[PDB]
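Everything on this sheet refers to the single structure shown next.
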Protein chains: 2
Amino acid sequence: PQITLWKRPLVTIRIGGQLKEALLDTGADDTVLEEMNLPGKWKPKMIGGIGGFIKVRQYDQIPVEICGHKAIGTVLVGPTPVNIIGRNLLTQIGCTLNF
Amino acid sequence: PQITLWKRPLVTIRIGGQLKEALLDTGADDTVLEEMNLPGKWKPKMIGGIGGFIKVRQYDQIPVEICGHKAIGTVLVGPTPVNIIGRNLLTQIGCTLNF
Ligand SMILES: COc1ccc(S(=O)(=O)N(CC(C)C)C[C@@H](O)[C@H](Cc2ccccc2)NC(=O)O[C@H]2CO[C@H]3OCC[C@H]32)cc1
């Protein structure tokens, strides 16, 4: 769909069987979600944002549905102010910026 | 134009006659630029993201040129690692997310 930006681009995603709200974030290389229970092995990792670094758990080849569109990729779980969908998953669902 | 997200959506912007690279960021509510000299009064402010908060200076009605498109809005200047063009200016150049 065509999404304008007068409002935050929040969409419903389905991950690990549950529905959650996430922000389509083109300024994010990675996808990071608030703490949650996800099956599978995970590896500790570190990522930084505008205010510093945080510790996250990294889950690979995770299935995620964004507004109906399927994606399978890396998801980082940790202390983020909001669930963010980064370019690693945005490219999988064919999302582009237009103007 | 149409920007793919294989790479960071880095674009050239013009401000005060000077050019620079900035990120077209749908996850950013406001626009944040790297420390720079700007004339005009400002208002103290703190913005937060992954890792915590940073102190920035808020300037209003600043004119920026992104890809030949003009936009006028508020910009926050602070110790950010990347120049960020947020939704406050993105909406003015008629930028949309599509998938
Ligand atoms: C009021 O105005 C604001 C403007 C901007 C922000 S923000 O920068 O914390 N933010 C975070 C978003 C969830 C709000 C926007 C994201 O797109 C923000 C932009 C950014 C900041 C620093 C370095 C590179 C990229 N991206 C971000 O934190 O991405 C994370 C996840 O993937 C990684 O790639 C780049 C850094 C890492 C916060 C407030």
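Positions of Cβ are backbone-derived with ideal geometry, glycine not excepted, and every protein chain shown enters the neighbour counts. A short reminder: the numbers here are calculations on the coordinates, not readings from a lab.
Here are the numbers for this structure:
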{"item": "Residues of region A:1-25 classified as buried (at least 18 other Cβ atoms within 10 Å of the Cβ), outside any strand (DSSP E or B) and under 17 Å from the mean Cα position of the chain (by Cα), total", "result": "2"}
{"item": "Restricting region B:5-29 to residues that are more than 20 Å from A:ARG8 (Cα to Cα) and without any contact (Cβ under 8 Å) to a residue 24 or more places away in the chain, the residue that is farthest from the ligand (Cβ to nearest atom)", "result": "B:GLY17"}
{"item": "Count of residues meeting criterion [within 14 Å of the ligand (Cβ to nearest atom) and surrounded by 12 or more Cβ atoms within 10 Å (Cβ to Cβ)] in region B:30-46", "result": "7"}
{"item": "Candidate set: region A:47-64, residues that are more than 11 Å from the ligand (Cβ to nearest atom) and not aromatic (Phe, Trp, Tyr); chosen: the one surrounded by the fewest Cβ atoms within 10 Å (Cβ to Cβ)", "result": "A:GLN61"}
{"item": "Flag for A:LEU76 being in contact with a strand residue (DSSP E or B) (Cβ under 7 Å, 6 or more places away or on another chain), under 16 Å from B:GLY51 (Cβ atoms) and surrounded by 13 or more Cβ atoms within 10 Å (Cβ to Cβ)", "result": "yes"}
{"item": "Members of region B:50-89 that are more than 10 Å from chain A (Cβ to nearest Cβ), aliphatic (A, V, I, L, M) and more than 10 Å from the chain's Cα centre (by Cα)", "result": "B:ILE62, B:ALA71, B:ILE72"}
{"item": "Count of region A:30-45 residues which are free of Cβ contacts under 8 Å to residues at least 40 places away in the same chain and either at the interface with chain B (Cβ under 10 Å from one of its Cβ atoms) or of a type in the set (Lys, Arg) (or both)", "result": "3"}
{"item": "Residues located in region A:34-66, provided they are touching a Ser or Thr at 6+ places or on another chain (Cβ under 7 Å), under 30 Å from B:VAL32 (Cα atoms) and not polar (S, T, N, Q)", "result": "A:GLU34, A:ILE50"}
{"item": "Residue within region B:56-71 that is aromatic (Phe, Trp, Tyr), closer than 15 Å to A:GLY52 by Cβ and assigned to a strand (DSSP E or B) present", "result": "no"}
{"item": "Residue among A:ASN98, A:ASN88, A:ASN83 that is closer than 18 Å to B:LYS7 by Cα and within 10 Å of the ligand (Cβ to nearest atom)", "result": "A:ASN88"}
